[PDB]
Amino acid sequence: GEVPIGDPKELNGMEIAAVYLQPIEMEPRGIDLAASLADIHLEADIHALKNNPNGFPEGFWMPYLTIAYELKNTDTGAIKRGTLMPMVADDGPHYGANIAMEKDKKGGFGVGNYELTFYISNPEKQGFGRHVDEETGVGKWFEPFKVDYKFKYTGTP
Amino acid sequence: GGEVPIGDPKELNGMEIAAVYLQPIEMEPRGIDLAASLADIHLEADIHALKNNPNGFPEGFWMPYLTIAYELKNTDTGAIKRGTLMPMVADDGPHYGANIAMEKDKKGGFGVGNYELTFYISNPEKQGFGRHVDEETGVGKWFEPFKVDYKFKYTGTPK
Ligand SMILES: [Cl-]
Ligand SMILES: [Cl-]
Ligand SMILES: [Cu+]
Ligand SMILES: [Cu+]
Ligand SMILES: [Fe+2]
């Protein structure tokens, strides 16, 4: 089961929530950190709100986002950064990454209080287009932004 | 509107794959597709998950990160052109599309007539989109690359 990370945020036509679960195994291999090296799988759950201004139907997954994360243990001061990758699981597409916590050879990423930040850029950064004609067009994309969560990490689930 | 349907939708590999066309559409960012003023149609592949999709996509969801090549053939004249459909969004949602010169393309016989359209579709892994494969959260293997074809009569730009 998935453990909630903080409270979700609504902005820029999107619901942006974070969860973690046990490490997963991803194909293609050699991209996501291997499950045996990780303690959690971190997911960003990002879906269109009602009346999304960029034309995405309510509830649709928001694709082609560029997303980085920053995870800070506020007890130890340890900070790490990485990027979340687009992928699909049994419960649909998301952006995810296996992450070493206890297993991080640097130390300091064990059980404790955390701050998580997502840094998110719009689909155009990856060449995704938008109609702009009168008949079928949609509005401009958001500028890059961050969202912050606070959570307690209680150990590899 | 709306979109002019091209042939009949196919249901294959856990997806509905339909083809439609509209008038040329103005797209941002500028420069990455053919300008509207230079085109006669906007061609789209309309691709969504069926129920019981074996790759974890909920019913109705747009299928993202597909690589989609098209071949458009005028069977009357012999004219052929090939291209890629690019992912983008319109007010009614995401699709794969391209502006295409028909009558305006003086390099071939792309006028009003009988057409065959083929899509060549590769799965999202070709673009590095991932899939869980662990027992707990994993999904089925991706489909191998495949083709679908449609026949339609092109009658000119919608007007
Ligand atoms: Cl929070
Ligand atoms: Cl057909
Ligand atoms: Cu994942
Ligand atoms: Cu389009
Ligand atoms: Fe999930």
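In what follows, chains are A, B, ... by sequence order, proteins preceding strands, each numbered from 1. Hydrogens, waters and symmetry mates play no part in the numbers below; they use all other heavy atoms, side chains included. In each ligand, atom 1 is the first atom listed, and ligand 1 is the first ligand listed.
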Any chance you could lay out the side chain to side chain donor-acceptor pair (under 3.5 Å) test for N99(B) and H42(B), step after step, and finish with the verdict?
-> CA-CA 4 Å; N99(B) 278 350; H42(B) 191 69; 2.8 Å; yes
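Remark: side-chain polar atoms of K141(B) are not paired, donor with acceptor, to backbone N or O of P54(B) under 3.5 angstrom.
For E2(A), the N, O or S atom with the smallest separation from the Fe ion (ligand 5) is OE2. Closest to the Fe ion (ligand 5) among the N, O or S atoms of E43(A) is OE1.
Computed with the Cu ion (ligand 4) at the centre, the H42(B) NE2 to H131(A) NE2 angle is 100°, stated to 10 degrees. Between the NE2 atom of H95(B) and the SD atom of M88(B), the angle centred on the Cu ion (ligand 4) amounts to 110° when rounded to 10°.
Ring-plane geometry between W61(A) and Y65(B) is classed as tilted, the angle between the planes lying from 30 to 60 degrees on a 0 to 90 degree scale.
Counting heavy atoms from C-beta outward, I6(B) and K151(B) have side chains that stay 4.5 Å or more apart.
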